[PDB]
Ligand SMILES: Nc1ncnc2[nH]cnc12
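The chain below stands alone and is given as C-alpha cells, in the form deposited without the ligand.
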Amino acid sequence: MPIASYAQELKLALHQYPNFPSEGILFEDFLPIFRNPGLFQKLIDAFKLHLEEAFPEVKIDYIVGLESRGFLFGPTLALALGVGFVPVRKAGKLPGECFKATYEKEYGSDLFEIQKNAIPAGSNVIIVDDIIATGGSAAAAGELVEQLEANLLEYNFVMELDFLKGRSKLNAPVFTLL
C-alpha cells in the first residue's frame, strides 16, 4: 500500500556496502534513489504523505536538514510541503550569529551550528537526515532547535543503521521510512 509501496521500491534501490565506513558496519547507500527521478519522487512523496498523516492538524513551519545527507532530500521535501528549509551545519561553515551544540564522543567532539535568525521562536519543525545510528548529530540538532525556542515535532530518517556504538537518547518521536 501507498507509503509502504514507496518504501518497498526505495528499499530495493539501496546498495549494501559491508564494512563501511568502518569494519563491521553494514552500510546502505541511498544515493541511487537520487539518480532516478522516478525514485526521488517517491522518496519525497513518502515523507510528505507521512507528515500529512502524522500532523493533519498541526502546522509545520520548517524542515531542518542535517549536513550533508539531509540536504539531499530535505530542501525538496520542504518545497513539496510549502514550508521553509534551514540547515544544521558542522561548526565554522555558517555565516552570521549561530547557536552551537556539542556532541561529545569517545575521542574528541563534534560541533554543530544553526543560524540564530533562521527560525522564529514558537515555530514547529521536523529534523531530517538519511541515517539514524549513534544519533549524535540528530541529538545535537535537537539541542539547537531548543535554543531557537522552537518545537521539535519529530525526526524523519530514511533508514536506521548499526554503527556499533549504541544509541544516544533523542527527545522527540522518530519516523524511519525504510
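Note that the rigid core is defined as the largest set of C-alphas that superpose within 1.5 Å between two forms. Numbering starts at 1 and runs along the sequence shown.
Same protein, other form: the form deposited with the ligand bound, not shown, and the subject of what follows.
The site is open: after superposition of the local C-alphas, no atom of the ligand, taken in the deposited complex, comes within 2.4 Å of this form's backbone or C-beta atoms. With a 4.5 Å cutoff on heavy atoms, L39 does not count as touching the ligand in the deposited complex; it lies far away. Among residues of the shown chain, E28 is one whose heavy atoms approach the ligand to within 4.5 Å in the deposited complex. Mapping the unseen interface onto this chain, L161 counts among the residues with a heavy atom inside 4.5 Å of the ligand in the deposited complex. Residue contact with the ligand in the deposited complex: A54 places no heavy atom within 4.5 Å of it. Here is the short version: of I44, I33, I60, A133, the single residue with a heavy atom within 4.5 Å of the ligand in the deposited complex is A133. Along 37 to 76, a non-hydrogen atom within 4.5 Å of the ligand in the deposited complex is carried only by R69. In the core-superposed comparison between the shown form and the other one, the C-alpha atom of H15 has shifted by less than 2 angstroms. With the core held fixed, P95 shows a CA shift below 2 Å between the shown form and the other one. With a cut-off of 2 Å and the rigid core superposed, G82 has a Cα displacement that falls short of the cut-off between the shown form and the other one. The distance between the CA atoms of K165 and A172 is at least 3 Å shorter in the deposited complex than in the form shown here. Pairwise change in the deposited complex: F163 and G92 C-alpha atoms lie farther apart than in the shown form, at least 3 Å.
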